[PDB]
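Engineer: task: produce atomic coordinates for the following.
(one chain, ligands or ions: 2)
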Amino acid sequence: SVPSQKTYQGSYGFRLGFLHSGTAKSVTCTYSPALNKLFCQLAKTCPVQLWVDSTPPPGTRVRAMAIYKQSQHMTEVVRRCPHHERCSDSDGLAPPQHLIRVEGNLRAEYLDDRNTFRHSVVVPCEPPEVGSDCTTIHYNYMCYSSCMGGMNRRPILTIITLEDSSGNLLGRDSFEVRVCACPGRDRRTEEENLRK
Ligand SMILES: CCN(CC)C1CCN(Cc2cc(C#CCOc3ccccc3)cc(I)c2O)CC1
Ligand SMILES: [Zn+2]
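Structural biologist: Numbers count the residues shown, from 1 in each chain. Ligands and ions are numbered 1, 2, ... in the order given. Now the structure:
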């Protein structure tokens, strides 16, 4: 089955936010609002903001999952390729098969769904650091979009869900991802293709 990707702010007014990192050739992570698409280098830090209008209950969690964007591929589980799943770049918590990791959160949990076989990573939803207006999660993507035997050039979406302590839906947002060598150039290219 295919998880829903419908944007849903829910009772707490949940939505994501992204930094404005620009498109210099050296940039390692950059988000395009026009494309709703994050471009990032392999295994590099991707800051994703969580914004709410009101405080969700203690025990609320935030889950990330990848799916293929194209209709003809949506039913296939997104996983790391046969090379990367074996490169022993473990952080001690993430299964080596999982495309999406949360970086630097000891409370991260990784799920292999018993029915759909899909992978996800979930962390507690926490209030912002003192002085801040939103909470930031740092994600890593552990294969290139081009990895043979993995994503194999097929575009993916990351779905972020706000969940209660039982796993029930409280909110949902999503964005496309391209993991590539030169996120700055690729964002510029794709934005120009869109303008054309
Ligand atoms: C005054 C401005 N107004 C927005 C208009 C508020 C700003 C303050 N924020 C608080 C806030 C809580 C949370 C959370 C949580 C669950 O854990 C809890 C742990 C302990 C206690 C409660 C919850 C996540 C986020 I992201 C977040 O912004 C809520 C919105
Ligand atoms: Zn790979």
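Engineer: ok, now how distant is residue 45 from residue 83?
Structural biologist: 22 Å (C-beta to C-beta, to the nearest Å). The way it works is simple: take the backbone N, C-alpha and C, and place the C-beta from them, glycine included.
Engineer: so which helix or strand takes in the residue most central in space within the chain?
Structural biologist: Note on the chain: the residue nearest the mean C-alpha position is residue 158, at 4.2 Å, using C-alpha atoms, centre = their mean. Here residue 158, judged by DSSP states H and E, is contained in strand 156-163.
Engineer: sorry, back to before: my guess is the residue nearest to the centre of the chain contacts residue 177. True?
Structural biologist: Yes: the pair residue 158 / residue 177 is scored as a contact, 5.4 Å apart, by C-beta atoms under 8 Å.
Engineer: shared neighbours, the two?
Structural biologist: The contact sets of residue 158 and residue 177 overlap at 38, 66 (C-beta atoms under 8 Å, 6 or more residues apart in numbering).
Engineer: count the residues that sit near residue 133.
Structural biologist: 9 (other C-beta atoms under 10 Å).
Engineer: tell me the residues of this structure that contact ligand 2?
Structural biologist: Residues of the chain found near ligand 2 (C-beta under 5 Å from the ion) are 81, 84, 143, 147, 150.
Engineer: can you rerun that using 8 Å?
Structural biologist: Residues of the chain lying near ligand 2 by C-beta under 8 Å from the ion: 42, 80-81, 83-85, 142-144, 147-151.
Engineer: right, and out of those, which lies closest to residue 91?
Structural biologist: residue 142 (9.9 Å; C-beta to C-beta).
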